[PDB]
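Undergrad: 3D, please:
(chains A, B, C, D and E, ligands or ions: 3)
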Amino acid sequence: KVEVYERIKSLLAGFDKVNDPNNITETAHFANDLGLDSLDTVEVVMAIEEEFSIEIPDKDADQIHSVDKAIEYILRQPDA
Amino acid sequence: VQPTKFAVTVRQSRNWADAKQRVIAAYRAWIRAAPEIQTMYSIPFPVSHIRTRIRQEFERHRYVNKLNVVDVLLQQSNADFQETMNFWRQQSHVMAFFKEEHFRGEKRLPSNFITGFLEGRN
Amino acid sequence: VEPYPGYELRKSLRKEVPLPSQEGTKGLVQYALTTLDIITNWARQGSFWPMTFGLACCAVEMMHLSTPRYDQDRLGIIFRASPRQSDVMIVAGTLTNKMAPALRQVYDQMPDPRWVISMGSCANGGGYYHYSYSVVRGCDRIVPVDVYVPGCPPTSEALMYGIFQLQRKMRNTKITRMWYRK
Amino acid sequence: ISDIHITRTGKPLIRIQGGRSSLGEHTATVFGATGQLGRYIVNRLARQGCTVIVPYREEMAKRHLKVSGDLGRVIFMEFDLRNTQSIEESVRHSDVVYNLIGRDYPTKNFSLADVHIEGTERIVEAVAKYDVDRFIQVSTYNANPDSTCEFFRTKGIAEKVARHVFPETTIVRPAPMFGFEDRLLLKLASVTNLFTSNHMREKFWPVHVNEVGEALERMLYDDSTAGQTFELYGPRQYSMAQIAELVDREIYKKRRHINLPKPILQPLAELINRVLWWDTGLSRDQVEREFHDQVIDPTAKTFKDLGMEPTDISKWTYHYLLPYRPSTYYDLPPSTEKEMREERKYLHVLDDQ
Amino acid sequence: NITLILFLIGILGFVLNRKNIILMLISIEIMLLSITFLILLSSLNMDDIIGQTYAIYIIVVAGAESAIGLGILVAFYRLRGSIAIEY
Ligand SMILES: NC(=O)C1=CN([C@@H]2O[C@H](COP(=O)(O)OP(=O)(O)OC[C@H]3O[C@@H](n4cnc5c(N)ncnc54)[C@H](OP(=O)(O)O)[C@@H]3O)[C@@H](O)[C@H]2O)C=CC1
Ligand SMILES: *P(=O)(O)OCC(C)(C)[C@H](O)C(=O)NCCC(=O)NCCSC(=O)CCCCCCCCCCCCC
Ligand code: SF4
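TA: Numbering: from 1, shown residues only, chains lettered A, B, ... in the order given. Ligands and ions are numbered 1, 2, ... in the order given. Shown next is the protein structure:
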């Protein structure tokens, strides 16, 4: 879907730990492209979990390392 | 789990890969609980301010390279987490964790040599 | 420059009123207010209901005041389980840091008028555990105290003596005359 | 800011900065410490290991002040404002004296002039007799001796008397203060109906009582605050209506003011004050006071001079009024569809019990 | 006359209420009391003890049916956890 991505920008652009805004893509990675270390990534997935109001399992959260991986993950979950 | 609400059986980590998962799992539970912690102890700070404190606590021990020491820190984190999410702590205990709420301030050490000297060792 | 015009002359007509501790009753309105003062104080003394926070071994001596030898009920003393029904807090025991928030909470839930009696060396100044890492060095760090009863433990008679002192304190409390002074 | 403080008269105070058991070195008398604001100055001094002299009238009223200090630090003195011996017995040892004695209503025993003008004059004369170093006189916002309002007027003359007897008097003009046990936030939040003859249109800059108490402490430490005057107010102007909006926004209750007109309310306010024996929040000079609008003197020291930045009252309503918002299960907003669905995973009655 | 007004109040309970099913149970109690009050007053006008007897059996039966209705509500609420109509 596309409605999820427009909400994804609403939090990553607001995140203060991004190296530079507008660096977000449809498949950008938090570590390689966006310059996020380990815990900053833990926080980003937690902010997405709040937006879709769905709790994310720790194993599922480890799988999520890219903007696309989150967009794919939220669609599979029924709650949104 | 079985003994009481947030009880975690004490186990060693098998390897550094195992330890890292627990540390990230522990951080995830902590910053997730930050909204509840605010309203449960009526903390006069935003969840942003509380969540920053969580990261700094995890950053004091970021440089640990010893597996046994990590197991000790993980056990402490679970014990603190349980006694917080269960309403076992009181507002005085959690508020004391925020160093700003001491009447002598948070910068409780001298900024440099000459300020501490002029006041008398801080 | 005499701030206000009559400032210099007014320093000689300033009436000096006596302190409440050395004041007297003269007239009828004064006498009336003492009568209500006596009446309201007689009721506070006659029904003295403590909320025994029986922390430790001092509670055993405190518990012996309700027993046949001394029979506090003969004087009107009834122990009460909740602070809501109670007029006096008797801290009878060692106050640990872990327990202090609970003590402050029950003190806050006591309706006025209210009093606190610190009973025992531990409640008074920390006692045998004054140098402990887990002990409050006197409950007066946490709540205001009206009477301190010494002993570790004070005898049942020593506790009774302190209760008598607090009743004598109530008996000398000025209520309607305090408002009448100002 | 150091282990040495030299007082106006020269006394060197070698101080050990710390907590309850430490040596603050100051001996302070605080007149009117049994009120709303006296607890924050007494607390600040005593917990630094300073000796605080507390002159009191009712014994049961001052009992909470003792907890502030170590043993021997908070000293109580029986006193009447018309007993001079009591005033100067409470002051002859002190190096700083705070005058917090005020009253918004007249009483059978004290006119506003008797408690403010004559009250200050006896205290300030005691201060000069014993050469107290700092005499901080607390006053009101809008303090002006040419005001028709007796409150503002009697706060005006007392300023002039204090500055005449003791030229180094420090005058503090606080705006109406909010906070714990205040008469702004809780008065709006508690009384069912208010008799306000101005539609709550009086404006002012509310300031936290905590910051006023902290400010009073900061004037003790700097000798540059003597002979100065301090208007002390919050960042943003409000009106009684706008603050009531905040109060209602936090407690989920609707304010209702009768708003009788001034020529009728004012004499009634007089009657209620002369027949009821407590602060009714309503009196003749108080009805007049609600038409006046706090005007801030531009030639007066502010929190700036003290290094402080007052917080806005809307930052404090939620904190101070949280215990007044209903939390019954009856009052939660309706369940979400997420909530409706999960209820079907539980049995809601114990049929075996 | 009062009995008639009371019947309207019980009637009006069903008009004004979209979501309170407990109010539906109460409005039946109001209607039944209104009809029993009418029988009682008429029995007084016509000097007839049978009217009082009829009213006693209405109290017995309406008390019996209140208990059945509450029991049915309890069996309903055990499974749903709410007495609110989503509307
Ligand atoms: N609160 C506010 O918003 C504002 C306050 N102020 C001034 O600030 C100062 C402190 O305010 P606050 O603490 O809120 O006031 P409170 O009314 O809470 O306390 C005033 C104090 O004055 C004492 N007092 C009053 N009358 C007499 C008297 N005749 N003889 C002896 N003592 C007396 C009282 O003692 P007791 O308890 O025994 O009566 C009390 O301790 C006062 O000078 C006040 O006028 C001015 C502007 C705004
Ligand atoms: P990322 O690469 O940025 O970092 C990943 C980690 C942290 C694993 C490091 O790279 C690393 O290698 N660290 C070494 C081992 C390690 O992580 N140490 C274990 C530390 S666990 C820890 O610090 C637990 C502390 C919990 C404190 C929580 C907050 C305090 C409780 C009160 C809450 C607020 C009041 C209610
Ligand atoms: S003072 Fe002595 S008797 Fe009393 S509680 Fe402490 S140890 Fe026990």
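
Undergrad: Which residues of the stretch 151-300 of chain D lie near ligand 1?
TA: D:174, D:176-177 (Cβ under 6 Å from any ligand atom). From N, CA and C alone the C-beta is placed, and that goes for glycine too.

Undergrad: give me the element residue D:164 is part of.
TA: helix D:150-165 (DSSP states H and E).

Undergrad: Excluding its own residues, what touches whatever helix or strand comes next after that helix? List them.
TA: For helix D:150-165, the following helix or strand on the C-terminal side (DSSP H and E) is strand D:170-174. Contacts of strand D:170-174 with the rest of the structure, by Cβ atoms under 8 Å, 6 or more residues apart in numbering or on different chains, involve D:37, D:134-143, D:159, D:162-163, D:207, D:212, D:215-216, D:219, D:225-233, D:297, D:300.

Undergrad: Would you mind listing which of these are buried?
TA: D:37, D:134-143, D:159, D:162-163, D:207, D:212, D:215-216, D:219, D:225-226, D:228-233 (16 or more other Cβ atoms under 10 Å in any protein chain shown).

Undergrad: now, which of those lie within helices?
TA: Judged by DSSP state H, those include D:159, D:162-163, D:212, D:215-216, D:219 as members of helices.

Undergrad: nearest to chain C, of the residues you listed?
TA: Comparing these against chain C with Cβ to the nearest Cβ places residue D:163 closest, at 8.4 Å.

Undergrad: Go through the residues of the stretch 151-300 of chain D next to ligand 1 and say which is closest to residue C:175.
TA: Checking these against residue C:175 by Cβ to Cβ gives residue D:177 as the nearest, at 29.2 Å.

Undergrad: Could you tell me how far the closest one is located from residue D:232?
TA: 9 Å (Cβ to Cβ, to the nearest Å).

Undergrad: cool, and residue C:55?
TA: Taken as Cβ to Cβ, the span from residue C:55 to residue D:232 is 44 Å.

Undergrad: any idea how far the residue in chain C positioned nearest to chain A is from residue D:212?
TA: At 31.6 Å from chain A, residue C:101 is the closest residue in chain C, using Cβ to the nearest Cβ. Distance of residue C:101 to residue D:212, given as Cβ to Cβ: 29 Å.

Undergrad: ok, now residue B:111?
TA: 28 Å.

Undergrad: Kindly report the same for residue C:103.
TA: According to Cβ to Cβ, residue C:103 stands 31 Å off from residue D:212.

Undergrad: Equivalent analysis for residue D:35, please.
TA: Distance check for residue D:35 against residue D:212: by Cβ to Cβ, it reads 12 Å.

Undergrad: likewise residue A:63?
TA: Distance check for residue A:63 against residue D:212: by Cβ to Cβ, it reads 56 Å.

Undergrad: cool, and residue C:147?
TA: 35 Å.

Undergrad: got it, and residue D:238?
TA: Residue D:238 is 17 Å from residue D:212, by Cβ to Cβ.

Undergrad: And residue E:24, by the same measure?
TA: Taken as Cβ to Cβ, the span from residue E:24 to residue D:212 is 58 Å.

Undergrad: cool, and residue D:118?
TA: 25 Å.

Undergrad: Excluding residues flanking it in the chain, which one is nearest residue D:36?
TA: residue D:181 (5.4 Å; Cβ to Cβ, 6 or more residues apart in numbering or on different chains).
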